[PDB]
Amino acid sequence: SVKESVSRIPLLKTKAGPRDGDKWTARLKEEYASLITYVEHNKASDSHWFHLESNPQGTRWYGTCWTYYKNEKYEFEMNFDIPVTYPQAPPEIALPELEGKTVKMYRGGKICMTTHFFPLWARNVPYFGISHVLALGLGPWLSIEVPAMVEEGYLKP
């Protein structure tokens, strides 16, 4: 379902990052279009798992993401900035509440995503966006680590 969820996320056409003026605005429109479709698809399969806002420039993002385990909801604050060399470089996603609760994380509560993520990103630049980072990066990270932490005793209802 993860691979086929991703197969229905809209791809992006524009190679631009935050420094690129009108092309960034056009890139952001595609970002928003991809995100909205992904969220609608998630809602219709009753698998909605994040809420995101950003500043007007689309360069700083913040909100929450959540996962269910043993029928219970675990929700976390999340944030990421869009690098100036985006979309070559994907953003680094932070979940600051989780620092020290898992080793799969580095300086600033930034998650250590799967080894497989980065080569997959690199060869699909610029057609992947934020929606893909969440679907391929953050989503899988949550599904593996949160159960560990819930079971280790760092997390409760």
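Note that residue numbering follows the sequence shown and begins at 1.
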Practice prompt. Decide which of the stretches 87 to 95 and 32 to 40 has the higher mean C-alpha B-factor, going by the entry.
Written response: 32 to 40
Fill in: Segment of higher mean CA temperature factor, 143 to 151 or 15 to 23
143 to 151
Practice prompt. Report the option among 60, 132, 51, 110 whose CA atom has the maximum B-factor in the deposited record.
Written response: 51
Worksheet item: Is the Cα B-factor recorded for residue 125 in the lowest, middle or highest third of its chain?
Response: lowest
Worksheet item: Lowest, middle or highest third: where is residue 65 by Cα B-factor in its chain?
Response: lowest
